[PDB]
């Protein structure tokens, strides 16, 4: 990662093909004529970032592609510094990568997630001394990059992992010029006492190549705190009463380094923050001396339609959405993530646990270990400036065997100790962590076991017991990963009849209906319990967003881990507002059931209604009749005391809530049908055009019994087809962008691109027991 503020993202005018080529010459050779043998195979025009698996990760019928691919482009290289260096900078590419200038290989890399670079200065110059350069390419420089994500047992992470080992140039590639002498590494170590009285900055600058260079520090308010003019170094300064960075107040200082030479100015701007943190033995966690409850989530480098190839603008939206939920903490999946995410965590205010991808499978040979050592090193060195980061993780579920014939707790223990020592040698400032490896729990500073209350183990009401069992089983405890799957749009009516009700069950993984109705209770319970555990460090629920995993072909959305509170395209589930009503300080108000169109029960039966709100008082209205203004109280489960039991008319009902917080008044409204007719087994599929959009039409399939009652119970897979194989929005991994998807209360919908109309859309049950239904979509 070159330190400079001037960089060009290479996003346009790339070609890509998803296979290996016969040689670099085959990649580079000229085309002698149309239809000649070298004009196949065909390449694709693509824009970067690009991912091999943008679609096939969630395609229900194929294994996501794991193999080589090539990219190529023509670059206009104009290094404006005399004797300047020219680099291609990779913010991230998976999994193995080779870089060529014309026919000469420049650099190679193993590792999907660290940053690295390729100095092309010499190859470029050499290419310019040949006639081919201007006679054939007209000045430009031919560049080719091979990316490979073939299965490799000796490379981390393990394919046993519960996520995709994406291939491609899925993080930005930058063209970077520097002058002859330039910055190579700017390390900023800010320290402060737990009370914030004394601050100490400490800047180490490593130059490349080998007149004065300046160094300025700025306060969060832009005030030049101090300047240094020096000469070609390390450096340390005291500060009294430094403004402290916290999730609540993510205040950031700035360090500016300038090299001036030949009248041009190499500048690099960087941010850092002062904060103190402590993981109390057998106790909670303190940030700048005050106990803080870590309210944590996870994210993967994954998104609908793009696989790993997210843009900056997408990352901003998502991180902003996570901040508005009220999180103050996040574990960045199982690998180093985009520098854009880290900078967002510094800017918005989220503490960070970032780990290397030693994730399941056991332990490999020497290059395996060297990748781990290298990636830990790269992660620490590339990210250490970020105030947000407080944990360096060393591995995840390393107790999970299977990638080798042997599994050796002693060898794993030894290597884990080596990594712990390397992290502390490299960055004393922070603590180490692993998750779920009982026989290494002592090696690290902060341990997380596996605790999935009500999902994989026990009932969610056993959380507090299991949590304290964990706090007592380890020196320093953090709870990484809890929650459970919900099929967005599936709901379930409470049935107060061998358990407190139908939601009070053990291990909903294999006993639950994967409805939002259940998980909303489970999240709710956990967050209530957390209000009365003053010695808990905190926890991180897995996970923020539905994401693709190769391990779940048969999930309600195939190949999608559905443990988000938000769909894979960012569309919030109703559980999102559960977290938001407990954790956010911005007043909000959400009636549960915006995505619940039809409720059921016997005629005149009073129906439960839950509101999730951080307002202290909310009044609810049913069909215009106030049902009473109630007061928020987290202990009155569920919904923190904001629940009613109201009668519903057969057919439509209008449900309304008004929220009060001081002078502020909030409002929300849903409409729901109430169905008193009971239903038999599904008998027909009804296709409806629900209409939707200036560019999209929403098609709904409906499972009904022989007398025409919707089967609000039905979970059958439904499959969509179409006379135009590009009209359906498919392979998104979402509720309305999947071609095969389990019904949600006997219902399944899919979007149709309007510009492709007119077409015919078909809907079938996957088991092919019902008759296929057809609908004409005109536009």
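Residue numbers count along the first chain shown, from 1.
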Unresolved deposited residues lying between neighbours residue 232 and residue 233: 1 to 3
Missing from the model but present in the deposited sequence, between residue 210 and residue 211: 4 to 9
Comparing 99 to 107 with 223 to 231, the one whose average Cα B-factor in the PDB entry is higher: 223 to 231
Of 32 to 40 and 707 to 715, the stretch whose C-alpha atoms average the higher B-factor in the entry: 707 to 715
Out of 639, 155, 188, 351, residue topping the C-alpha B-factor column of the entry: 188
Residue, from 488, 540, 77, 120, that the PDB entry assigns the highest Cα B-factor: 77
Lowest, middle or highest third - CA B-factor, residue 169: lowest
Ranked C-alpha temperature factor of residue 766 among modelled chain residues, by third: middle
Residue 606, C-alpha B-factor rank within chain (lowest, middle or highest third): highest
Chain-wide C-alpha B factor ranking for residue 751, given as lowest, middle or highest third: middle
Residue 548, C-alpha B-factor rank within chain (lowest, middle or highest third): lowest
